[PDB]
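J.: here is my input; please provide its structure:
(chains A, B and C)
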Amino acid sequence: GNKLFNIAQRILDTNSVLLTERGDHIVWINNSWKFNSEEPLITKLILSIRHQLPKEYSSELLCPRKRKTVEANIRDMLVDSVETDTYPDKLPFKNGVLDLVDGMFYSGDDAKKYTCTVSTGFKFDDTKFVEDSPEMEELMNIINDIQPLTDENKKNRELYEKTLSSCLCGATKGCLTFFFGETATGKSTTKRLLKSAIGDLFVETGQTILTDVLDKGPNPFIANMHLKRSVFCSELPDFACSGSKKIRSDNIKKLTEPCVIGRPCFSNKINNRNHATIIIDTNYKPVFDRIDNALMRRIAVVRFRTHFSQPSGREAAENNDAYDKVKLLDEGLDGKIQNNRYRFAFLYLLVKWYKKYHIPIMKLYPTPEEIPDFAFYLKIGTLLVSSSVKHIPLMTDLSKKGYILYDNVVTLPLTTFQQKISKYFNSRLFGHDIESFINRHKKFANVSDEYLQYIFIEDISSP
Amino acid sequence: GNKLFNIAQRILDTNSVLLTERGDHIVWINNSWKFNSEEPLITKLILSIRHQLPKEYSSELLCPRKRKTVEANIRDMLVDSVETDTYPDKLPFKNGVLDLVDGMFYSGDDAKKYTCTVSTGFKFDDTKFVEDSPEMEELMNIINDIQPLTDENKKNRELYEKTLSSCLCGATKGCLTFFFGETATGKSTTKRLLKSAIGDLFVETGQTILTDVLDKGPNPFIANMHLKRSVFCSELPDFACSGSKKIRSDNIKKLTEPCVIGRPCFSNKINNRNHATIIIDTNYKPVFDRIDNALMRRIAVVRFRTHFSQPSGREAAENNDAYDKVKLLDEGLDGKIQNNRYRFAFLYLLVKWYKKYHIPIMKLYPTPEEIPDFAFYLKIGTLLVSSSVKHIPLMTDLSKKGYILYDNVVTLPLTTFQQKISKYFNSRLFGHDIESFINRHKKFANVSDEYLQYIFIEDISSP
Amino acid sequence: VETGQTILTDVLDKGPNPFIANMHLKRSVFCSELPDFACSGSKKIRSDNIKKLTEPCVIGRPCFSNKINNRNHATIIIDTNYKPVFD
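T.: Numbers count the residues shown, from 1 in each chain, chains lettered A, B, ... in the order given. I have put the structure below:
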């Protein structure tokens, strides 16, 4: 009764082929979910699985034409779609999937349930994922050297651990972390450790992600970060000297959005999943073209203050304020880092940090107080309140302060607002900032006179 | 028993077809791994290999349809992907692969294991790969002429040997060596020697690679090369005279990165991979538009100070300090070099130098100390030092020196800073860098009162 | 072959340039009626095209083609009535 249809039915019953919402077919060969957009692997799966069928169903699969017929039957049988990479608390390896919430490993059919189409690229060794080891002791030593456990560094160390451990979660992240510090401070060492720990889920780019537009035409900048769990940008083009493109606000706001638009070469797909924890490496204060209240909620900063120097230049390092601790540089450290000596020790440390911060809901919080650019806009929300629905039986006293009543709305003339705001802040230090706000927020009662729909919280306190 | 499946199994057992990460197949026909994207060569391989199979399979493999069926079976059988060009310490020739570490030459099935697609383009003659020959003596004399073995030139000679010997590898070497020497100093002799030694793995490029943006649109000069092992640029226009584009630091940074942004004409495949040992030939000091910390980590210099001039213009050449020593020029040397007379002698010399520097990890050390343009960022870093946390309990003695104590920070005025900094480095040569330092490393309590948190090392050393 | 002055007073790379790819294996190129520079409003003779036409390989593509490298066997003769000028 159509032997090839029965073969297709059995292969479908093994649940080794799935149809995805994007239109592709994902197959389960060699204990991984593989797919190819312009070259289906269904016939490869049929040939490989021919060993699990009865004796008479195996000799029919040695002909390419019969395998093509079986593939046609299978394609007609698949009507409903499934979703791939929908578990954010699973870390996929080459030979299994590791459970972050608990810590046990899976293999074969155990890992088959989670449809993970990406992997770190290296096998998971169970004999090295242990708490006690000399490699773990050395890793703890170097990590403690990078970020001392002193009291003043408690919050910075905790933020460092949180940011590093968030690279194991396969979901969308709501913040961008800036790694601020001088050269040869440990950012490169941490980057290499993270790369060694998370394999192929880690990608490295340049500064073009931030300062360049994302739409263009066929853009591989954003299409490359499909399902990547960590994105690293290094060697930022210092903006102290004029001529360097500023960090676009639209780029920062778009890199946090769950659904991003961009296509690679020879592709019609502009939809990719954003699972990346974007970390930007820099040595100097970043600047932005335009600062607003929304962009201030997507920035976090980690500070590095431990410099490794040669014995000849040890005195110069000790005579610098930027470095709080001076240690001895090791030349072969890069050697054993790239030799994957500390890979599983760092993986165990990352999983421990995750379990420490694996509360039912995970989230990333911004710290705008560490950015000098945000200093102006941070106080301005604490001093000015827009003309609103909480003021109208107060214009009797507010009139003497300079506020005038217009269409039952409290306003403020330009001169009075200027002379009120010049008292709080220097007219020369924040002159550009004040001028920018004034040009961005004047209204025109007429052609000449201008007013502002803002009132001072201090005058509210004053009777 | 499906004879064609058995034929495909045997052909797969001979290990002659491999699947690559790009979705292409590489076959082994006539002692070379060759691929072809738009027309696979698996059927050519089947017809060629029909001789090693038994008679009953050779008789079958004479039909194009049966060859197509066997190719389909082979394509279904290949699931795993393979690595290509992953051995830095191997030098591929037209008829084998040379092992640099050991010195043993392979041929055919011996060279099969190292999946090398590119080659030098010429065969290997083990008869001429000997240490004892008159050609070797002449080459050694010429080398001693070009780079003498004097004590004063020991470091320069060692750096020259390292840079020349690095041309045979594909490992990590992120430095750009500058061949500093005036015209007719003998650098062209070394260039022609290297070209004749390494064949097709050598590429000559112009000025555009250092002063024009690599990304742009279609660009072959940065993307036409692929797995090239040495890049040489000469006839460089002078950057000392205004009117020519300077050596942009962004291009130097881009020429060594694990990411490529740039494509050739009508080539969507923008993916290339190598860090070729780029040697820069110039008769004048380099000039960069922007200089920072990153640039000084990827620059090296080699000096040539030997001249060959005709007797007619000998007086003018001797009256020019462009060369330390004036010698006699050779006319037939260019023809002898073209005739590939010293090819294998120079190959043996390069192999000997590599074996001398064949430590498990070979890397290039930048030497920015010999570039006058980078002098400002070196000496000031070793001389001007800021305050420190350890400088708190020494302000009592520091006050009489002419300093003040403010929030545990030692400050100095601006005019005095300019006057003192005009002595070490003149503002004529590094005024922009001086002003960048001033605006980067100064703090303000008020705009009128400008203070800079730096203590001169002269006052520190003097009690 | 006979060609216009686009090979002299226009960039060879540009986009589609049949004038630089139709000369594949041609042994002689003749361009006549030069727009002399005595009349202001005419593009000068670029040196880049001059040095590109002398190299063994000249970069350029034909219309609806995927080939860039073409052999240069041409003896280029430029016909003019007044003095050429160079930028």
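J.: C-alpha from now on. contacts and neighbour counts both.
T.: Fine.
J.: give me the neighbour count for residue A:86.
T.: 12 (other Cα atoms under 10 Å in any protein chain shown).
J.: quick one, what contacts it?
T.: Applying Cα atoms under 8 Å, 6 or more residues apart in numbering or on different chains to residue A:86 gives the contacts A:114, A:115.
J.: so how far is residue C:46 from it?
T.: Distance of residue A:86 to residue C:46, given as Cα to Cα, to the nearest Å: 60 Å.
J.: try residue A:296
T.: Residue A:296 is 52 Å from residue C:46, by Cα to Cα.
J.: mind checking the SS state of residue A:179?
T.: Following DSSP: H, G, I helix; E, B strand; the rest coil, we place residue A:179 in the strand state.
J.: that one touches residue A:284, doesn't it?
T.: No. Contact criterion Cα atoms under 8 Å: residue A:179 and residue A:284 do not qualify, at 10.0 Å.
J.: give me the more crowded residue out of those two.
T.: Set residue A:179 next to residue A:284 and count neighbours by other Cα under 10 Å: residue A:179 wins out with 22 against 16.
J.: for that one, what are its contacts?
T.: Per Cα under 8 Å, 6+ apart, neighbours of residue A:179: A:187, A:279, A:280, A:281, A:282, A:301, A:302, A:303, A:304.
J.: can you rerun that using 7 Å?
T.: Residue A:179 makes contact with A:279, A:280, A:281, A:282, A:301, A:302, A:303 under the criterion Cα atoms under 7 Å, 6 or more residues apart in numbering or on different chains.
J.: would you reformat those as a markdown table and include neighbour count?
T.: Putting those into a markdown table (neighbours: other Cα atoms under 10 Å in any protein chain shown) gives the following:
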| residue | neighbour count |
| --- | --- |
| A:279 | 23 |
| A:280 | 21 |
| A:281 | 20 |
| A:282 | 20 |
| A:301 | 21 |
| A:302 | 18 |
| A:303 | 19 |
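J.: and those, which of them are in strands?
T.: Judged by DSSP state E, the subset of the contacts of residue A:179 located in strands is A:279, A:280, A:281, A:282, A:301, A:302, A:303.
J.: could you dump the residues you listed into a markdown table and include distance to chain B?
T.: Converted to a markdown table, those look like this (distance: Cα to the nearest Cα, whole Å):
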| residue | distance to chain B |
| --- | --- |
| A:279 | 17 |
| A:280 | 16 |
| A:281 | 13 |
| A:282 | 12 |
| A:301 | 20 |
| A:302 | 20 |
| A:303 | 17 |
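J.: find the nearest non-adjacent residue to residue A:118, please.
T.: residue A:92 (6.8 Å; Cα to Cα, 6 or more residues apart in numbering or on different chains).
J.: for the one you found, give me the backbone phi and psi.
T.: Torsion angles at residue A:92 (phi, psi; degrees, to the nearest 10) stand at phi -80, psi 140.
J.: so it makes contact with residue A:105?
T.: No. The pair residue A:92 and residue A:105 does not pass the contact test of Cα atoms under 7 Å, sitting 9.9 Å apart.
J.: of those two, which one has the most company?
T.: It is residue A:92, of residue A:92 and residue A:105, that has more neighbours when counted by other Cα under 10 Å, with 30 against 18.
J.: can you name the residues bridging to the more buried one?
T.: residue A:97 (DSSP bridges).
J.: residues in contact with it?
T.: With Cα under 7 Å, 6+ apart, residue A:92 has these contacts: A:98, A:116, A:118, A:119, A:120.
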